[PDB]
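Each remark here refers to the structure printed beneath this line.
There are 2 protein chains.
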Amino acid sequence: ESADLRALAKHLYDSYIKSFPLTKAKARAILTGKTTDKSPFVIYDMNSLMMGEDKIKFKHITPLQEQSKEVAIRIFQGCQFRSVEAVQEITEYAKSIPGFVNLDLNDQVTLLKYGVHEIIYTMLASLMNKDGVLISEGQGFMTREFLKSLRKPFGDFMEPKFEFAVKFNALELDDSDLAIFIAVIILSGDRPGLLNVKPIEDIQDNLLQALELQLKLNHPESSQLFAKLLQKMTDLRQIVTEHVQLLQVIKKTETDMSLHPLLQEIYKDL
Amino acid sequence: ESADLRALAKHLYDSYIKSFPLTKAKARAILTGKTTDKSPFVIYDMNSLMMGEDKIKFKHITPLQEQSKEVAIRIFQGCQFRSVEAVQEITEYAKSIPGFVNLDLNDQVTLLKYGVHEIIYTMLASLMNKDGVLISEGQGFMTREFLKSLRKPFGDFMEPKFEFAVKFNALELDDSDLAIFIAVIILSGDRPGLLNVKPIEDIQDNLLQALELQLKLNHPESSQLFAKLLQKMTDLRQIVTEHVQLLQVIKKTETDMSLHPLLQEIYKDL
Ligand SMILES: CCCCCCCN(CCc1ccc(O[C@@](C)(CC)C(=O)O)cc1)c1nc2ccccc2o1
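Going down the list, the protein sequences come from chains B and A.
Per the entry's author numbering, residue 207 is the first one in the first sequence, and the count goes up by one each step.
Per the entry's author numbering, residue 207 is the first one in the second sequence, and the count goes up by one each step.
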């Protein structure tokens, strides 16, 4: 019945607003939008990034370039820190999906372990446009140009995400739609090592029904939007696979030194 | 009008029967036996592999294969030849999809290049069960275990296709369903390099509707079958990307390993 489906949609949306600080609606107004107040600090150059680190809420290290902690690495570590934050926000959101907490504990951990990356890039699109990505609670904006100019390894890091985001954003989904979509992704069922796939697929089935009805009500003039969004999942998985692959090529660019432990314990391969 | 969509479905199913010699219906009839007319010869070891060129027909070597073209490499060449044959059938089928031949020629090439293997693995599932796969137009059956026991690298070319097949076949789709799905796969707007995306998506939207209706009518008791089939599109990309990486390994450890120009061309990019 559409009564449970609309209730599930409202519930997920409310939970999504609570768990995620920067919503797409919020970020959109900032990116390609007006709101002639509090504009983002634009990191487009090596010098603009430097000054950015001393004029924006930053909690990692101090801006100094002299054979000691280069820019590229300081940027890489930055996305890692925010990433660990996002993982906790997503984990909290997960526990609000009806039935999730009732699944075998190992399966909850398994579903989060393999779904968080797919979700991170999905929500990252909300903060991106063909020219750049919002940073620091939307208080900043790092251009695509700058990111794509970093060292050989770090240069083609964000590019594939910009390509995915461009295509993903062409769907013009909003937070109410995305809230359901993210839930579908978490309740996959084909993650390796799952112990009890049945309830997971049962929940996702219910979530898909909700997503479909949501898209039909929210985008009545958008033919087969349900189908198009789902096929976008093939590109996501590829983005992720590709990304973890680069992470290995990077892993061989920082390892030794008895310094930075514990901090390296927190991050790891996430 | 849902009427136009049913007409489209019949058209595509019709072209599918005419383009593919071995349908899933024929495949399951051979596999589920209960027949005396089309029982296959089973290849499960070197010995039975030998007897094979005696009951069926294999343009290779029946007797010893060590000092005379290896068995693994020999079986690989067979799949190779079958593949370019499958590429031709699929291409012939592609031409029957309304609007396809009217698209910019270059885009026709792009859609085929990126779509063929996803279709090859979808259709290959039709010829598989948990224990093996049909070969030689269904006259033979080669064991999953035999395949996995081939030389170091060759021993794992098929396992991921089998793992996918068992999960895909649980959907219990029939040729009338597959025919539309295969068309949806070809008409993908997110293929790299497309010039005119819009016309391609207008056609796919039409195919997505026909597929959605077809599944509702053909699988009344199957909840969200449409969504579940579309998600499978993710497993397909992974199979392709993985197959590609294994091919590059073989190319290097087997300097005498030849590949057909057609397959090498479609793999030239990705
Ligand atoms: C959609 C039109 C009909 C398609 C029928 C596909 C039959 N087939 C597909 C599996 C396959 C395995 C290996 C393949 O690798 C190559 C390098 C060809 C050796 C390729 O084409 O990229 C390609 C394809 C396949 N057939 C067989 C027979 C015996 C063992 C394995 C095997 O795999």
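Virtual Cβ for every residue (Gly too), placed ideally from N, Cα, C.
Nearest to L476 of chain A (by Cα), restricted to the options A:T238, A:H323 and A:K216: Numbered from its first residue, the second sequence carries residue 476 of chain A at position 270. In terms of Cα proximity to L476 of chain A, the closest of A:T238, A:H323 and A:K216 is A:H323.
When burial is assigned at 16 or more other CB atoms within 10 Å of the CB, is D210 of chain B buried or exposed? Within the first sequence, residue 210 of chain B is the residue found at index 4, counting from 1. Looking at its Cβ environment, which holds fewer than 16 other Cβ atoms inside 10 Å, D210 of chain B is exposed.
Can you name the residues of chain B whose CB is closer than 7 Å to the CB of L414 of chain A? Along the second sequence, read from residue 1 onward, the residue named residue 414 of chain A stands at position 208. Going along chain B in sequence order, the residues near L414 of chain A (Cβ under 7 Å) are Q430 and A433.
At least one CB of chain A closer than 9 Å to the CB of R443 of chain B: is that the case? Taking the first sequence and counting its residues from 1, one reaches residue 443 of chain B at position 237. Proximity of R443 of chain B to chain A, defined by a Cβ-Cβ separation below 9 Å, is satisfied.
Proximity test, Cβ basis, 9 Å: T316 of chain B and chain A: Residue 316 of chain B sits at position 110 when you count from the first residue of the first sequence. Taking Cβ atoms only, chain A never reaches closer than 9 Å to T316 of chain B, which makes this a no.
Residues in its own chain within less than 6 Å of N375 of chain A by CB, not counting five upstream and five downstream? Locating residue 375 of chain A in the second sequence gives position 169, where the first residue counts as 1. Residues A331 of the same chain have their beta carbon placed closer than 6 Å to that of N375 of chain A, with the five preceding and five following residues left out of the count.
If you follow the alpha helix (DSSP H) that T447 of chain A is in, where does it begin and where does it stop? Your numbering for residue 447 of chain A matches position 241 in the second sequence. Segment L431 to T459, the alpha helix (DSSP H) holding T447 of chain A.
Evaluate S382 of chain A with the Cβ neighbour count: other Cβ atoms within 10 Å of its Cβ, from every protein chain shown; 16 or more gives buried, anything less gives exposed. What you label residue 382 of chain A is simply residue 176 of the second sequence in a count that begins at 1. Buried.
Counting pairs of Cβ atoms below 8 Å between the segment 256-267 of chain A and the segment 278-285 of chain A, do you hit three or more? The segment 256-267 of chain A is in contact with the segment 278-285 of chain A.
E351 of chain B to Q271 of chain B, Cα distance in whole Å? If you number the first sequence from 1, residue 351 of chain B lands on position 145. If you number the first sequence from 1, residue 271 of chain B lands on position 65. For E351 of chain B and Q271 of chain B, the gap between their C-alpha atoms comes out near 21 Å.
Tell me, to the nearest whole angstrom, how far the beta carbon of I236 of chain A is from that of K244 of chain A; I am working on the premise that it is less than 8 Å. Here the question's residue 236 of chain A lines up with position 30 in the second sequence. Here the question's residue 244 of chain A lines up with position 38 in the second sequence. Sure, about 5 Å apart at Cβ, within 8 Å.
State whether the segment 404-417 of chain B contacts the segment 426-433 of chain A, with contact taken as three or more CB pairs (one from each stretch) at a distance under 8 Å. For the pair of segments examined, the segment 404-417 of chain B was found to touch the segment 426-433 of chain A: the number of CB pairs separated by less than 8 Å reaches three.
Using the C-alpha atoms, what's the distance from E365 of chain A back to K354 of chain A? Taking the first residue of the second sequence as position 1, residue 354 of chain A is located at position 148. Taking the first residue of the second sequence as position 1, residue 365 of chain A is located at position 159. Each residue's Cα considered, the two are about 7 Å apart.
Can you tell me whether DSSP reads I341 of chain A as helix, strand or coil? On the second sequence, position 135 is the one that residue 341 of chain A refers to. The three-state secondary structure of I341 of chain A, taken from DSSP, is strand.
Distance check for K275 of chain A and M256 of chain A, CA to CA, integer angstroms please. Looking up residue 256 of chain A in the second sequence gives position 50. Looking up residue 275 of chain A in the second sequence gives position 69. Whole-angstrom Cα-Cα distance: 14 Å.
Contact list for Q437 of chain B against chain A, beta-carbon separation under 7 Å: Residue mapping note: residue 437 of chain B aligns to position 231 of the first sequence, counting from 1. Near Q437 of chain B (Cβ distances below 7 Å), the residues of chain A are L436 and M439.
I'd like to confirm the pairing. Which residues does DSSP put opposite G346 of chain A in its beta bridges? As a first step, residue 346 of chain A is located in the second sequence; it is residue number 140 there, counting from the start. Paired residue(s): A:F247 and A:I341.
In the DSSP assignment, find the unbroken alpha helix (DSSP H) run with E418 of chain B in it and report its ends. One-based indexing of the first sequence puts residue 418 of chain B at position 212. Counting along the chain, the alpha helix (DSSP H) containing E418 of chain B begins and ends at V403 to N424.
Residues that DSSP places opposite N335 of chain A in a beta bridge: One-based indexing of the second sequence puts residue 335 of chain A at position 129. In the DSSP assignment, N335 of chain A forms a beta bridge with A:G338.
Roughly how many angstroms separate the alpha carbons of residue 479 of chain B and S208 of chain B, rounded to a whole number? Residue 479 of chain B is absent from the model: chain B starts at 207 and stops at 476.
Using three-state DSSP, classify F264 of chain A as helix, strand or coil. Counting from 1 along the second sequence, the entry for residue 264 of chain A is found at position 58. Residue state, collapsed to three classes: coil.
Validate contact between the segment 378-397 of chain A and the segment 449-468 of chain B using beta carbons, cut 8 Å, 3 pairs: Counting C-beta pairs with one atom in each stretch, the segment 378-397 of chain A and the segment 449-468 of chain B have fewer than three that are closer than 8 Å, which means they do not touch.
Using only alpha-carbon positions, find the residue among A:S289, A:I325, A:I223 and A:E378 that is nearest to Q470 of chain A. As a first step, residue 470 of chain A must be located in the second sequence, where it is residue number 264. Selected option, being the one with the closest Cα: A:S289.
Neighbourhood of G305 of chain B by C-beta, 7 Å cutoff - its chain only, sequence neighbours within 5 removed: Position 99 of the first sequence holds residue 305 of chain B. Excluding the 5 residues flanking it on each side, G305 of chain B has same chain C-beta neighbours closer than 7 Å at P405 and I409, in chain order.
Using only the alpha-carbon positions, how far apart do residue 173 of chain A and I296 of chain A sit? Chain A is shown only over 207 to 476; residue 173 of chain A falls outside these bounds and no answer can be derived.
Nearest residue (CA-CA) to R280 of chain A, options A:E259, A:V293, A:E298 and A:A215: Counted from its first residue, the second sequence places residue 280 of chain A at position 74. Sorting A:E259, A:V293, A:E298 and A:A215 by C-alpha distance to the C-alpha of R280 of chain A places A:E259 at the top.
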